[PDB]
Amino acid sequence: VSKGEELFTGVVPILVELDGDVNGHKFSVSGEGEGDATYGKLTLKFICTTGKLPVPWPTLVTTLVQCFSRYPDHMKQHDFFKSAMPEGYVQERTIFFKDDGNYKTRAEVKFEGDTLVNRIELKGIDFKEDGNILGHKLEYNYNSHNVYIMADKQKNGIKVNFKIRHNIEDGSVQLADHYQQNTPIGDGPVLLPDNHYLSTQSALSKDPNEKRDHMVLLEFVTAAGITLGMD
């Protein structure tokens, strides 16, 4: 029930650009690949263009295109992300790494010609020099999560929250609380959803021919309704 969902019926090329500063360490990431929103799939590869990434690749996954979530037919009315396209939306987050610092992010996600582009600014402060993040103590892997979405009539968008679980190499888990807002860029009408969630799955790998600091990301995301005996 949006002209925007028509742009996602096929496989769509993706470009990601991130400018970052964590505790003063400046870095940049470029990413490219493809998304298949009917399947709910991303296939992406990201490069640190400034040298060595000064934080663990997994801390950046959430920042580095929820318009690729598979929304089933019965739920097409609750798909804010696609409805804002092609003019797009602004995605902002604060991410609290428990017992450690935080990331603030601001991203514009929109079409440029036939490519879906996520451009991000990231500022991280108050990290411990030898915590799990600046100490590079996160395992190179990723968990499955539920991403909770509600409408925000006021801002003509959505609010979103979830908790990421990052495996630590000693067997513990580092939580990252995620608070999120999305606002359309265009003046066009958008879909404001009933409360629902996205169920996410991800795998991280390395390209054996890639000589730079990098991450290959495969992701599979499905939207779901709230059901009886949740909360």
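The first residue of the sequence shown is number 1, and the count goes up from there.
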**Request:** Would you mind checking whether any residues of the deposited sequence sit unmodelled between residue 64 and residue 65, and how many (none, 1 to 3, 4 to 9, 10 or more)?
**Result:** 1 to 3
**Item:** Per the entry, higher mean C-alpha B factor between 154-162 and 112-120
**Value:** 154-162
**Asked** Should the higher mean CA B-factor in the entry be assigned to 192-200 or to 30-38?
**Response** 192-200
**Request:** Classify residue 77 as lowest, middle or highest third according to the C-alpha B-factor given in the PDB entry, relative to its own chain.
**Result:** highest
**Prompt:** Would the CA B-factor of residue 142 place it in the lowest, middle or highest third of its chain?
**Reply:** lowest
**Item:** residue 125 by Cα B-factor - lowest, middle or highest third of the modelled chain
**Value:** highest
**Third of chain Cα B-factors occupied by residue 102** = middle
**residue 43 by Cα B-factor - lowest, middle or highest third of the modelled chain** = lowest
